[PDB]
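> So that we are looking at the same thing, I have put the structure below in structure tokens.
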Amino acid sequence: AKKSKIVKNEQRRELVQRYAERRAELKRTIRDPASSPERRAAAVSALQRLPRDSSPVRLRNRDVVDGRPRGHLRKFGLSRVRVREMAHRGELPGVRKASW
Amino acid sequence: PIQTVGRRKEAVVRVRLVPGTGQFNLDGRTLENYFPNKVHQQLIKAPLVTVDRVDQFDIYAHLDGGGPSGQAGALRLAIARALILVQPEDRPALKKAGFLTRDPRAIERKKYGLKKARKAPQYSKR
Amino acid sequence: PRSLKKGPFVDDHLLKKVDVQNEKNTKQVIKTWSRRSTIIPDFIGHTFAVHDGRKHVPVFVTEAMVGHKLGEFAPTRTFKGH
Amino acid sequence: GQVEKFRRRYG
Amino acid sequence: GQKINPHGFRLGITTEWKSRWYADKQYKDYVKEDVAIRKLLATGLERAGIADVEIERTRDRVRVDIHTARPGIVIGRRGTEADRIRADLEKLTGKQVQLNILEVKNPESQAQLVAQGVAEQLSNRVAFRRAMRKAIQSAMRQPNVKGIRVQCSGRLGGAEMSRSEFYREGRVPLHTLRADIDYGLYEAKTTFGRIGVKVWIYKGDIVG
Amino acid sequence: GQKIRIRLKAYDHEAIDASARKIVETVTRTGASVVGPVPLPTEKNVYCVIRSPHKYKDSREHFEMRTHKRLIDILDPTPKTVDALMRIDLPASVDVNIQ
Amino acid sequence: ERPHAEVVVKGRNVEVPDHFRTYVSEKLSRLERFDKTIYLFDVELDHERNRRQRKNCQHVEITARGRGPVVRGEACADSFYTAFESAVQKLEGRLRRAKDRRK
Amino acid sequence: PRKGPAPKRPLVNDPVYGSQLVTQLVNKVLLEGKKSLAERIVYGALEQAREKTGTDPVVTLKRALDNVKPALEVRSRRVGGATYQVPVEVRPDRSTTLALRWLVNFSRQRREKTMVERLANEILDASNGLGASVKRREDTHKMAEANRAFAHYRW
RNA sequence: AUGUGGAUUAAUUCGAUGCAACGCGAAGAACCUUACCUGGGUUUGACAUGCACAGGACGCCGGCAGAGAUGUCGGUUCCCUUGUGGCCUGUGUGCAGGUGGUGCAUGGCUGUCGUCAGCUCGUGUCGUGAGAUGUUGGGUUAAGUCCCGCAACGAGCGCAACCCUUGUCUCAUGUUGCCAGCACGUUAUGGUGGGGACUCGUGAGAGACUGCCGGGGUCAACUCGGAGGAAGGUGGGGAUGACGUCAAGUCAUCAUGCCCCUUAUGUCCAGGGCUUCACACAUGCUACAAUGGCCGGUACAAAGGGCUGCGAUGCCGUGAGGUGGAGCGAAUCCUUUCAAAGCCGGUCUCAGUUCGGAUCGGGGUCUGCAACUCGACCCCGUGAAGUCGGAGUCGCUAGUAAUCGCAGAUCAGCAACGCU
């Protein structure tokens, strides 16, 4: 769609691999039990101090080349249109039109 | 021994047609604790009616698949086939009655462009 | 809603602003962009300005307005009838 | 109105 | 939209795949890799015509075969082009590059290559009858070429209306499954706009 | 006895069959015990789409990426036979689960 | 049924002076005059905005409900007035014919 | 059927009674696949009639059917500016069928608090010659009498 | 509940318009998405890649200012062998980017009349010529399918058949599934050893072809009755869309010829909206009750999905769910040994109700940085309109319709009653 937002989705995935790996998850491990410092943690606040791009919620699974951001298929990482065309050109493992 | 099969829309049941009483076994129960439906009873018994052999051949079978109606139809099919195996001479008065045809009325694929198999949406001309 | 065990959403920016205001023990008009912050009764004398997608609106806080989010009191949609 | 008790339930 | 790809319609029956493997979790990865591969192939060479691109994967290695009737224009006589492509393969993470180039026997019996030659003739400066007709004859003179069709679209000589008229000879049974077929497509440069091309070749029937 | 269980996966029955035959031939060489290609069922992954862009949802197209499967229970694991079997190269449409 | 003519004025993207609305409602009343069977009148006022056009700037689709048979009049012209009047006369042909075949 | 008709379905005989009009009856009173519910309703009602009359309910059923089953009905046609109704004879198949349809649909709007009772009392009433089914059948004959004039059409 | 029209509106993004638009692009709008609006910052840019020139760091880690963008200090201050390479610091330079317009400039891709049976060519003759014949006439056909004829002989795309699936059967067949004959645990139980016996699953393959009996028929097609067979006469359902039209739709899936922008129509940001509402229209769901509602007890299905995912065993919570993690990359385990309508039992007794569930006030759960705008679920209380529906109108010929339930994907979580 737009090279800008494609790049941004990629960059958000990299920021995720940085910080949602551990620094946006160990605080959830803090926040799950009943024995937490939530009484006086402010781990909530330190999480607010982390960026918004910490979260994978701000991601969006765009088609890997085209980026048709809707109609995504996770089995392929592709959108419906390219999927048609390449299944339709016979360029995928064991993929064919069907019946039953 | 005797071992044969019947099938009606995902209703498979194997049958052991013993020469004993008319005592029926359906996975540890009888024809009235399982199938409390006299129409199903009639469908199941009508071959015995046909050859006049009620209370001449016990049965041991396993319920598998389908619902009550499919199970009953597959059952009477399998019983008819067992009777052909016991003696062929009853056959020409059975296909006469069609107690042998494996009912080829199965479900249709739900298609697209619809709500289900054939009921289209309300076609407005607006 | 924001369940008990988590604790409320009282965002750090205006939390810091009100820490400043109540450490000075004087209360002034404040401008903020955070509808999503719920309320403590610490704010009752404090005064907030809050955004409507278009501008701000200064608004004063009260006892019974707690348990709420400020955007409840910031009107987002103008509608005048037909 | 009973907000002193609201934020005893909420902490 | 009338007519589907004959390749894609006979794919599991008569014709066959063009990128074979098995994979349960590396699947998205193999797909993005393969699109990058084909893109870099087109961008690394365009003077010659890639008929197909096909080969497979294993635990470690990532092999390719590839078809073109003029590899002499393509590959490094000493190794220039193949080495640039092995480098492109290192860059996009192949790391074990069994780039095993191949060439066809009958370039005229290849749908994609006939269409590429036609479109070359069109983008040069040239008109339509002699190019079209001469490709048709060049194909039909060969043994297995039992049928053919051509469906060009674009703005021939004959300003603005998107006109399209076809040419053919032999047999083109495209609702018949024992038939072997070859499809051929193109979409690239021309002054006024784009020219598009479709091609069908028929090559006996198959009984098995 | 000792058992080893190999679960094969692929997309083409022609390849799974050919590879099963070649593998069982190699097992047959060293007299190692074979059970053979016991057929498991098939998977049927399906992914419906729409053919065209921007509208025309009533028109559709289905696809089905099956995965044929086979179990070949091998017994009498002579480690020489293991050294034989581990290192056969096969068509690439197959992947194997030696366990 | 006299105000029951369900007026539906509309334009996708046109400068629509509100006296065109007067024109449309009046020209549709004109056929309220001689057809007392009317429920719906969906109407458009469309514009293709191509350069170096093919003599046909504006476009109109009109459809109307009657008791069973629905009516359909499509037109095309340079501007609003020929569009209105032409679709009106096509509807008039339709409706004269319909009330001739009604009996 | 511009090319031609197709066969009718082979009704079963009743397991209990020995009559296929009873399976026809349950299949005409059926609603939403609950065939066994239809069955038990009908059997309860017929046995209610049995305790009401001291005899088999089937005889009074067929007597009610003899009362409410016409052999003549209407079949319209648009002709010459004014649509004309016409008498047409009715073969016994559709006669019995439409009779049963009358029977059910005028049973439903009674006030016996329950379908089984409504139905049983309607059957008794029609055997006796009182039901709204009989009333409508008489209305049909009334219409055929009013429009005997159009029989020369023979259609 | 959804989607549109209309008016508001700061913005209610854009396109879609009869049949063939309006549970459409949406197989998931709280931010992101989002193209929209306010405000802020930005401008060789968020992004590439090529130049020369200055460089040896770039960055990365924590802080304060900050709505964030962004700005500011401390820490790392590279490896090539000396020619300058990886990298970016910038200088500008080629520029890069556009969801800016033209689908009537275009390719592709698709819907459609229509899965309706037709559409055309060579040579041939006829006709001044447009063009015709062939493809018209008789019968028959699922049908330009086939036959009897003749200035036509033939031929190609078509229809039909080879494809899958379902339908019967044979051979091989044994785990993760059958488990009869057997044996062993016996409360949870095929649970375990044991047999390929029926199933079964997956593979190969015969079988249906007016093939055969007879009656009709230019004796030709073809049809009317029969046998067997599982199916009987294109077994059923799918897939497959002739030439072409509709300047149909799509410059927003993509790519693209032209013109426009470039200190901004681009671009990075926080908030808001796309969910507005005095109304109209279209598609659906649950209802208007006794074939019913409520409570209790008991039984049989196929199908798919699952790793940084699926999740029970025990218990607590009314219940949403709650720590806990066995066991599973999976016919094994979670998917209860896979359900609901249904069977049996008790009450309710025709009613604005034990109907119906909206709307609203409370109190809570969960996912998320985040539940006001603007989420789903639970409990409590609330208990409305609605008493089978006008003109007219939609759908359906067999496991079809009508009804109950389930599952999957898009999905962090949900408008999913939708779609498959």
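Values in this text are rule-based calculations from the coordinates and carry no lab data. FYI the Cβ positions are ideal-geometry reconstructions off the backbone, even for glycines, and counts take in every protein chain you see.
> Tell me, rounded to the nearest percent, the portion of alpha carbon pairs in region E:106-208 spaced more than 16 Å apart.
Values: 2902 of 5253 pairs.
Counting pairs separated by more than 16 Å, the tail of P(r) holds 55 percent.
> Note down the magnitude of the dipole of chain B about its Cα centre, charges +1 on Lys and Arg C-beta and -1 on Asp and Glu C-beta and zero elsewhere, to the nearest 20 debye. Intermediate values should be presented prior to the final figure.
Values: 25 positive and 11 negative charges, 293 e Å.
Dipole size: approximately 1400 debye.
> Right, here's the next one. Running Debye on chain H with equal point scatterers at the Cα sites and no solvent, what base-10 log of I(q)/I(0) appears at q = 0.10, 0.12, 0.14, 0.17 Å⁻¹?
These q points yield log10 I(q)/I(0) values of -0.44, -0.61, -0.79, -1.04.
> In whole Å, how far is the Cα centre of region E:43-117 from that of region C:23-82?
66
> While we're looking at this one, here's another question. So if I take the alpha carbon set of chain B, get Rg, then get Rh from the Kirkwood formula, what is the Rg over Rh ratio?
In chain B, Rg relative to Rh is 1.14.
> Another question about this same structure. For every other residue with a beta carbon closer than 12 angstrom to the beta carbon of G:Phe20, add +1 if it is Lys or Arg and -1 if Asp or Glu, then tell me the sum.
With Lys, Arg at +1 and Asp, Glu at -1, the net is 0.
> Please compute the net charge surrounding B:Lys125, taking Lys and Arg as +1 and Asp and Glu as -1 over other residues with Cβ under 12 Å from its Cβ. Don't skip to the answer; put the middle values down first.
Numbers: positive: B:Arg126, G:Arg65, G:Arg72; negative: G:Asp42.
Summing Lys and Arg as +1 and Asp and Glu as -1 gives +2.
> Positive end of the charge dipole of chain C (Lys, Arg +1 and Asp, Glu -1 on Cβ, about the Cα centre): tell me which of C:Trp33, C:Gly7, C:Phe79 has its Cα farthest that way.
Positive-end residue among those listed: C:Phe79.
> Normalising by the residue count of chain G, find the relative contact order in percent from Cα pairs under 8 Å and 6+ residues apart. Before the final figure, lay out the partial values.
Values: 145 pairs, mean separation 23.4, N = 103.
Normalised by residue count, the contact order of chain G is 23 percent.
> Additional query: Please tell me the relative contact order of region A:1-90 in percent, rounded to the nearest whole number, where contacts are Cα pairs under 8 Å and at least six residues apart.
Details: 59 pairs, mean separation 25.4, N = 90.
The value is 28 percent.
> Here is a follow-up. Please compute the Kirkwood hydrodynamic radius of chain F from all pairs of different C-alpha atoms, in Å with one decimal. The partial results should precede the final answer.
On the way: mean 1/r = 0.0642 Å⁻¹.
Across chain F, the inverse of the average 1/r is 15.6 Å.
> Can you put G:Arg2, H:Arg136 in order of Cβ neighbours within 10 angstrom, beginning with the fewest? List each step's numbers first, then the result.
Numbers: G:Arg2 8, H:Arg136 15.
The most exposed by this proxy come first: G:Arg2, H:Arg136.
> Here's a follow-up. Express as a percent, rounded to the nearest 5, the fraction of DSSP beta bridges in chain B (both residues included) that run antiparallel. Display every interim value, and only then the final one.
Details: 8 of 11 bridges.
The antiparallel fraction comes to roughly 75 percent.
> I need to check one value: relative contact order of chain E, counting alpha carbon pairs closer than 8 Å and at least 6 residues apart, in percent. Show your work: numbers first, answer last.
Values: 317 pairs, mean separation 38.7, N = 208.
Relative contact order of chain E: 19 percent.
> Next up: Any idea what angle helix H:132-146 forms with the longest principal axis of chain H, computed on alpha-carbon atoms, 0 to 90 degrees, nearest 10?
10
> Further question on the same structure: Name the residues whose placed amide hydrogens come within less than 5 Å of the amide hydrogen of G:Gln58, ignoring near sequence neighbours (fewer than 5 apart) on the same chain.
Here G:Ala77, G:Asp78, G:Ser79 satisfy the definition.
> Follow-up. At a 10 Å Cβ-Cβ cut-off, how would you order H:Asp14, B:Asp55, E:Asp205, fewest neighbours first?
Numbers: H:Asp14 22, B:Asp55 10, E:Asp205 14.
Fewest-to-most ranking of H:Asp14, B:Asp55, E:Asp205: B:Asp55, E:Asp205, H:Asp14.
> Follow-up question, since we're still on this one. Go ahead and estimate [θ] at 222 nm for chain G from helices alone: -39,500 (n - 2.57) per DSSP H run with n ≥ 4, summed, over the residue count, rounded to 500.
Working: 2 runs with 37 residues, N = 103.
Mean residue ellipticity, 222 nm, calculated: -12000 deg cm²/dmol.
> Given a cut-off of 19 Å, name the pairs among C:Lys31/C:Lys69; B:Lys45/H:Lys62; B:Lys9/F:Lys69 whose C-alpha atoms lie farther apart than that in the structure shown.
Working: C:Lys31/C:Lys69 15 Å; B:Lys45/H:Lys62 28 Å; B:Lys9/F:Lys69 27 Å.
With Cα atoms farther than 19 Å apart: B:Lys45/H:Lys62; B:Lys9/F:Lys69.
> What is the projected area of the convex hull of the Cα atoms of region E:134-184, averaged over all directions, in nm²? Don't skip to the end; give the middle numbers.
Numbers: hull surface 18.1 nm².
Projected area, direction-averaged: 4.5 nm².
> Let me ask you something else. With charges only on Cβ, +1 for K and R and -1 for D and E, what is the dipole size of the protein assembly as shown about its Cα centre, in debye, rounded to 20?
In debye, rounded to 20, the protein assembly as shown gives about 2340.
> Sequence-distant or interchain residues sharing an amide H contact under 5 Å with A:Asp63, placed H: which?
Sorted by chain and number, the residues that satisfy this are A:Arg68.
> With just the Cα atoms defining each centre, how far is region H:62-104 from region B:64-103? Give it in Å.
Rounded to whole Å, the Cα centres lie 41 Å apart.
> Determine, at each q value in 0.19 (inverse angstroms), the log₁₀ of I(q)/I(0) that the Debye formula gives when each Cα of region E:16-105 is one equal point scatterer.
-0.89
> Ignoring everything except DSSP H segments at least 4 long, calculate the 222 nm mean residue ellipticity for chain E; use -39,500 (n - 2.57) per segment, divide by total residues, nearest 500. Spell out each step's value before the answer.
Details: 5 runs with 60 residues, N = 208.
Mean residue ellipticity, 222 nm, calculated: -9000 deg cm²/dmol.
> Something else: Under Stokes-Einstein, with the Kirkwood radius over Cα pairs standing in for Rh, what whole-number D in µm²/s applies to region A:1-90 at 37 °C and 0.692 mPa s?
Working: Rh = 15.5 Å.
Once the numbers are plugged in, D ends up at 212 µm²/s.
> Per DSSP helix of 4 or more residues, -39500 (n - 2.57); summed, then divided by the residues of chain C. What does that give at 222 nm, rounded to the nearest 500? Present the calculation step by step, with values, prior to reporting the outcome.
Numbers: 1 runs with 12 residues, N = 82.
Result for chain C, helices only: -4500 deg cm²/dmol.
> Moving to a separate point now. Any idea what the dipole of region E:62-208 comes to, in debye rounded to 20, about its Cα centre with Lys/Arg Cβ at +1 and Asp/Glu Cβ at -1? Working shown, then result.
On the way: 26 positive and 15 negative charges, 73 e Å.
For this selection, approximately 340 debye.
> Step through the residues of region A:62-67 one at a time and calculate ³J(HN,Hα) from phi using the Karplus curve (6.51 cos²θ - 1.76 cosθ + 1.60, θ = phi - 60°), rounding each to whole Hz and writing x for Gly and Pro.
8, 4, 3, 10, 5, x
> Binning every alpha carbon pair distance of chain E at 5 Å from zero, what are the percents per bin?
That works out to 1, 6, 13, 16, 16, 16, 14, 10, 5, 2, 0, 0, in percent per bin.
> Please list, ordered by chain and number, the residues whose modelled amide H lies under 5 Å from the amide H of E:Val53; skip anything fewer than 5 residues away on the same chain.
HN-HN under 5 Å from E:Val53: empty list.
> How large is Rg over Rh for region G:10-51, taking Rg from the Cα atoms and Rh as the Kirkwood inverse mean of 1/r across Cα pairs?
Details: Rg = 13.0 Å, Rh = 12.1 Å.
Rg divided by Rh gives 1.08.
> Can you work out ³J(HN,Hα) from phi for every residue in region E:190-207, in order, using Karplus 6.51 cos²θ - 1.76 cosθ + 1.60 and θ = phi - 60°, giving whole Hz and x for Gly and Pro?
So the J values, rounded to whole Hz, are 5, 4, 4, x, 9, 10, x, 8, 10, 9, 10, 10, 10, 9, x, 10, 9, 10.
> Which angle from 0 to 90°, rounded to the nearest 10, does the C-alpha axis of helix A:3-15 make with the longest principal axis of chain A?
50
> If you don't mind, there's one more thing I want to ask. What per residue convex hull volume, in Å³, do the alpha-carbon atoms of chain G yield?
Working: hull volume 9.8 nm³, N = 103.
So the per-residue Cα hull volume is 95 Å³.
> What is the helix-to-structure angle for C:12-23, meaning the angle in degrees between its Cα long axis and the longest Cα principal axis of chain C, kept from 0 to 90 and rounded to the nearest 10?
60
> In straight Cα distance, which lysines are under 16 Å from G:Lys36, not counting same-chain residues fewer than 8 positions off?
G:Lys27, G:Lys99, G:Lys103
> If we count other beta carbons within 10 Å of each Cβ, what is the order of G:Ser79, F:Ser59, G:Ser86, E:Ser19, fewest first?
Numbers: G:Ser79 9, F:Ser59 12, G:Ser86 16, E:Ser19 20.
Arranged by neighbour count, lowest to highest, G:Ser79, F:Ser59, G:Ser86, E:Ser19 become G:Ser79, F:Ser59, G:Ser86, E:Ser19.
> Work out from phi, with θ = phi - 60° and the Karplus expression 6.51 cos²θ - 1.76 cosθ + 1.60, the ³J(HN,Hα) of each residue of region F:57-74, listed in order in whole Hz, and give x for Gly and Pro.
Using θ = phi - 60°, the values come out as 6, 4, 7, 9, 7, 9, 8, 8, 9, 5, 7, 5, 9, 8, 10, 10, 7, 10 Hz.
> Along the charge dipole of chain E, Cβ charges K/R +1 and D/E -1, which of E:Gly158, E:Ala23, E:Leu174 sits furthest on the positive end?
E:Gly158
> Around E:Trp17, under 9 Å between beta carbons, what's the net of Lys plus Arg minus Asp minus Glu among the other residues? Let's see the in-between values first.
Values: positive: E:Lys18, E:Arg20; negative: A:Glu91, E:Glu16, E:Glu54, F:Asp12.
Once all neighbours under 9 Å are counted, the net charge is -2.
> Taking beta carbons within 10 Å but only from partner chains, what does the mean come to for residues E:31-40? Display every interim value, and only then the final one.
Working: counts 12, 5, 0, 3, 6, 2, 0, 1, 1, 0.
The mean count of partner-chain Cβ atoms within 10 Å per residue comes to 3.
> Still on this structure, I have one more. Can you list, largest first and rounded to whole Å, the semi-axes you get for the protein assembly as shown by taking the square root of 5 times each eigenvalue of its Cα gyration tensor?
Numbers: eigenvalues 740, 503, 392 Å².
Its equivalent ellipsoid spans semi-axes of 61, 50, 44 Å.
> Could you estimate the translational diffusion coefficient of chain C from the Stokes-Einstein equation, with Rh from the Kirkwood formula over C-alpha pairs, at 37 °C and 0.692 mPa s, in whole µm²/s?
Details: Rh = 13.7 Å.
Once the numbers are plugged in, D ends up at 240 µm²/s.
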